[PDB]
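Before I ask anything, let me first share the structure, which is written out below as structure tokens.
Going by the order they are written in, the chains are A, B, C, D, E, F, G, H, I, J, K and L; count residues from 1 in each one.
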Amino acid sequence: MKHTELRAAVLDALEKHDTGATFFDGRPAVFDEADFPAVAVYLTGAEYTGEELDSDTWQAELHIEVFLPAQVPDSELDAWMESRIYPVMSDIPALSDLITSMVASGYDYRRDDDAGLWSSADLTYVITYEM
Amino acid sequence: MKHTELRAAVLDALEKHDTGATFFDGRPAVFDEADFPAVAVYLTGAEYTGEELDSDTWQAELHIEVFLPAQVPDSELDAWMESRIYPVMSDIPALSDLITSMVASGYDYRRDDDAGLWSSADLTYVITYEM
Amino acid sequence: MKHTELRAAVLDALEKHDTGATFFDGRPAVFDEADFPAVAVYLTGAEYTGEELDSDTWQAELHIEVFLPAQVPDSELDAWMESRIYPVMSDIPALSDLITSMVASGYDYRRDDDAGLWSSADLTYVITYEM
Amino acid sequence: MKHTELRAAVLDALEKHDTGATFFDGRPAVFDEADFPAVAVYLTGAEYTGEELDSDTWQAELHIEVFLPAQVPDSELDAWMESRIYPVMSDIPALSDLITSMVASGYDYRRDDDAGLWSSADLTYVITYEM
Amino acid sequence: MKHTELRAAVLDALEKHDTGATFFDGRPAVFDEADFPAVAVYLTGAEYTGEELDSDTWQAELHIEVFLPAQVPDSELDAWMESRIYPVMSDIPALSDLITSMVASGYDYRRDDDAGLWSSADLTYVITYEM
Amino acid sequence: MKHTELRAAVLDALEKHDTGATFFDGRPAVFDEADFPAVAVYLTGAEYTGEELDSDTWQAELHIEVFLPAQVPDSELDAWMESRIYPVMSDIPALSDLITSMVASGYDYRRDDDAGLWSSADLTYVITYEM
Amino acid sequence: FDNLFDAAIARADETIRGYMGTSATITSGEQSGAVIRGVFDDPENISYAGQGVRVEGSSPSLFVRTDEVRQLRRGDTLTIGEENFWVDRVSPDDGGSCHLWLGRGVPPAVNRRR
Amino acid sequence: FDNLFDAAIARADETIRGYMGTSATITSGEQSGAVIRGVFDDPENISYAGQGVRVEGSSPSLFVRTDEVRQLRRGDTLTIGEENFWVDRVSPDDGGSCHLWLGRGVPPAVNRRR
Amino acid sequence: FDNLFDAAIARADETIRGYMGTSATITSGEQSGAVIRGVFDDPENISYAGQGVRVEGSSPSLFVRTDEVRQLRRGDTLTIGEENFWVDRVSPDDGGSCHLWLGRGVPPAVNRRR
Amino acid sequence: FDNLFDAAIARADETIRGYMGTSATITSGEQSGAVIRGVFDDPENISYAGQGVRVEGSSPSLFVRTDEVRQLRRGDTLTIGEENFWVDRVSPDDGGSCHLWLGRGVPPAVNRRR
Amino acid sequence: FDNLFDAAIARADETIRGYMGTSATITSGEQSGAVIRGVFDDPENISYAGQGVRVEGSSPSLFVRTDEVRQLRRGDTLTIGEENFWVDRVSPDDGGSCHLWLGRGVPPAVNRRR
Amino acid sequence: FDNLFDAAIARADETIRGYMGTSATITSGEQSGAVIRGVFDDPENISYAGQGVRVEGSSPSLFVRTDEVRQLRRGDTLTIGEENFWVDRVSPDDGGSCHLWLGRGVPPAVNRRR
């Protein structure tokens, strides 16, 4: 439905496990070296599917991106991505009310070489809901 | 048919709901921080589809773009698109005369990182009319 | 056939209606803010169709493009394309002798933001003739 | 066969008609304002076709490019391209010995806006020969 | 599965043979000229294959890339790729437990001309595993 | 199999004919005006074909590039590319042992306009071998 | 003034305007009949719209004190010498003076639907 | 002070602030009622958002001593003259003084979920 | 003149043109037989038309007082020394003098249909 | 020293470090307890990670004589004033002195398999 | 000479050529046996052609008076010291002197079919 | 020498080399046992090969008189102080002196098939 409650539900289900990280809701997110392990959740690229005759259907991509300091070892990002985010994301009771279909998509690593201040890695999902 | 009529018909029924926002008709739009919540409507990419033998047919894309100050949370932008603009744009009695078919297309977000002065988000439609 | 004759025919049929605008024949067109409307006609992208066995056939695109000052409202350009350039080009007796088939293509707008001195809009046609 | 005699044949058959312009054989061509017409001829983009089992076949594109001063009217370039180059290139007795198949392709105009010293227009052909 | 184990297995099976080269695990690899023979192993571009109904399947690309100083003869680089790296990676007992299928992909060379300090060559593999 | 063997086998039979040219084996090649007509041979873009069930198959592209001073006439390059290189490269008795299939691909010309110090022209082949 | 420097720079700008100034009269707008001095600069630019299209023109501007331009708004018309100009953008307050980016045409039609 | 140069530059910056600086008061934040001096600079910029969109604005800033801004944090609101500003980014400690990048709007809503 | 500066720059420009001037005569145009002084500049430019083609030439210009070329229009022909030039673009009025961008050929044929 | 210039520049750099120096102590490394002087510089850089994500930080560095830093290696930890830094990259020997590019975090975990 | 400045610059150019110029003799061309003075400059340039293919060379030039190279044309051959050079492009007449862009090879074969 | 300027600049370069020079010895090559003076500069450069891969190094060079380097060729090995270098490219003759672009490794294997 409205994007607000979807991000609220995913952040609620993601906060319960202890991570000690600052979570940002929505696209704008400004921080510095202090609160580095931040996790941001946002929706992007909404489209009109036009799948079913009965009612409206939409597709949107759900992003979960984590930021780690530059020159952090690769294996550390591996663990943050798989061990923490993947198990919680598979089953969330609050999501199933709103989302008709949720499909995984691959995660990817991006580092910064212009200045070497950040290195992130975002897990991507495909969401099919009704608006 | 006459693009002026179509934009006028959209804006008339987009204005009746209380929004308190400056509305720009047509592509040229210049403003500053004061009159900032600004909604501009324009038609772009007209094309001769030639779908029917009986008479001329064209396709054009209808745009409704809203500008909000930079660093506004994503939640506010979601609201304009999903609460204010989508319900009004679904059924307009004035458009029913001029438009043979009007199909939704997904909206999208964009922010300005060059200088951080504006953040906009436009809802896109596909319009099929007769000329 | 000879592109000179085709452009001459279009400009002759386009000048009879009062427009009060300078007309440029061919791509090279230099002007300043005085003689501004400056409707220019040119042919581009000629190509060998090879459609019929009997005789040669070619395809080229016919352009009619009008220049207007920047920051001029969108609706006024709409007027030139809908109420002036388009009705005259539908039926021109002189063309029918030279052109075997003339098909419309969508007009499009463009504005100059590097310096803001001009804002044009061209109407594209597809011409199939014999050489 | 060898590219040298092919360009030699084209230039020989192209020189007989009076044109009063310098002709450049091969890709390198350096000229100033005085030698303005230019008329360079070169071959480019050779490939292995492998169409027939019997013997080798190749494809290459034959270019005839003419240089005229910037701001020369468009219609003049037309008159030049069609009237002078096309009739001579249609039938040449010397070519038929070497070239198994010669196919036309559209000519195109390009102007220089970086400095405004030249404007050219090349007619392109497709050549199928045996090496 | 856990990318840590897969990279650890590859590096273990790759270190046993004498190479006398520094081995880097993961993307962050910072080194000066003293430790020049340098071999880095990393995984990139994971995706959700969705091949089988029973359980999850993913696809990721495995990279083995060696760094050698610029202006080293190409012949020497050929040797590392075809004598040292290929035989060891064909059969490794440790991988067969974790990876369902491994497929080779072509290695490729690249040299640095902006500064001329390094010249690498990576060997690409495609990995299909279960997460 | 071993790229060193293939390049050596090409260069040995490319050297017996008198050319009086410096021959570079492998990608790295540095020279100046004195030793100018220089022919370099290298293999690029190797890839796993996976064509036959019985054993491995790979495709690599064989390059023979010749460098000549800028502003050299085009016709001279034709001669280097056809008369000297194409006949010798057709049948190398020592080559047939290593290569299962060798297919020609077209050559092409390129000149340096940044500084005018070199003009090259490379012949490309497609090699299929076993590794 | 807040500081010594603000007063000093205000006097400096006033002398600059006095020694290199051109008289300009506003015609249509809230300041319907004011007379204003400023420095007039008219540099030139050319931009191309295609392969053989060149649009040649100039982008003038006016250097004016910000106290007498408080009520001036975009789209107003003012004249300098013989030609007629309109205000395009009014630069923010810099020191004690601000620029008036002008255009040489008649004002464009408005888009706002207020 | 660690060096002679540090003390010299501190005195120089103090003189600069004294001779060319205005007065700004914080309103909402940890320093609820402090009053700070600084040099106010307001350069201008414009960014386009499309073919016919032009957003005209400016990016103001303040130059203050770093000892009396330690308790300041992003999002606080301060006033200069008549207008009201909020704090965008507080520059690192350079020499003896740091910049206060400001915005002219009402502070935006926060995203953090702490 | 409007200011002291305008008169001063006019005199300075006149001295510059007197000490670094070349006599040029218009031939065809509204000013059919005028004689004009100015500073002649002939720099170099070369552009490439593709792989090897290299068109080498120059872009001359002339520096003239703006009151003598009021009747001058684009496409006119004028001579300097022995060779002949035509007028390409006439720069806007800067201070007291303007430029005459020239070309070395014969004038091109016109496109306009007036 | 090899030349007159080498000795002269050594003395000049020593005076620069004496007059503009901050005392820094190494903590963990081969030079476990050395104390070194240098010039401390903390400029600003900000980079963006996407549409809105802006990461604000700084890139500090230190300017020390290359004779007392010969035993230093990458990844060591040193302190200046109160906060702690680690060594990122040690610039080549220029004249008589070299830079110590620093980072403000704890050292990263190592990748090398020696 | 048209102006005082042209004569002055001609004399200055002659002094420059006298005090910093070598001697070059033409060999083949319309000026078969002339001997000309000029300033010889030989800067470097390197351009690549792919991975590692580096071409090392230089672009020499000469600086001569424009009156004694009137009959000179492209493709001529001239010698300086021991090496032999050919003329690539002769720069336009600047002030009183023009450059001779040279190449170090044997002249290339001509393409023109006149 | 051809001119006054060549002799003057030769003496100037000789004084430069005398006052700021380091002694270098060639080891392998035609000049097997020469001893040569020159100015030594070792600036830095870092380049990246991927997402995180960073290669840090320096590109040294040597400023030497061209008369005693006539027989030196690419690939020769020479030592300065303690480290060992090899010649990568020898700059064209400028004035009276030329540069020796060096590398710090062992010379690479040759590709030529002569």
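Everything below uses one rule, namely that a residue touches a chain if its C-beta (ideal position, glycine included) is under 8 Å from a C-beta of that chain, and two chains touch if they have at least 3 such contacts.
These are the chains along with the protein names UniProt gives them: A, B, C, D, E, F = Tail tube terminator protein; G, H, I, J, K, L = Head-tail connector protein FII.
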Quick check on the interfaces: C-G is repeated by which of D-G, A-H or E-L, going by over half of contact pairs matching? E-L
Approximate Å spacing (C-alpha centroids) for the pair subunit B, subunit J: 55
Whole-angstrom distance, CA centroid of subunit B to CA centroid of subunit C, is 29
Would you kindly tell me how far, in whole Å, the mean C-alpha position of subunit E lies from that of subunit D? 50
By the touch rule stated above, which residues of subunit C touch at least two different other chains? 25-30, 71-74, 109, 111
Touching at least 2 other chains, the residues of subunit I are 51-52, 54, 56, 108, 111
Which pairs of chains touch one another in this structure? A-B, A-E, A-H, A-J, A-L, B-C, B-G, B-H, B-J, C-D, C-G, C-H, C-I, D-F, D-G, D-I, D-K, E-F, E-J, E-K, E-L, F-I, F-K, F-L, G-H, G-I, H-J, I-K, J-L, K-L
Tell me, which parts of subunit A touch subunit H in their complex? 11, 15, 22-26, 28-30
In their shared complex, at which residues does subunit G touch subunit H? 2-5, 89, 91-94
Residues of subunit G that touch subunit I when the two form their complex: 19-23, 42-44, 46, 56, 58
Contacting residues of subunit J [partner subunit B, same complex]: 48, 51-52, 54
Quick one: in the complex, what on subunit D touches subunit F? 2-4, 7, 25-28, 30, 42, 44-48, 50, 58-60, 131
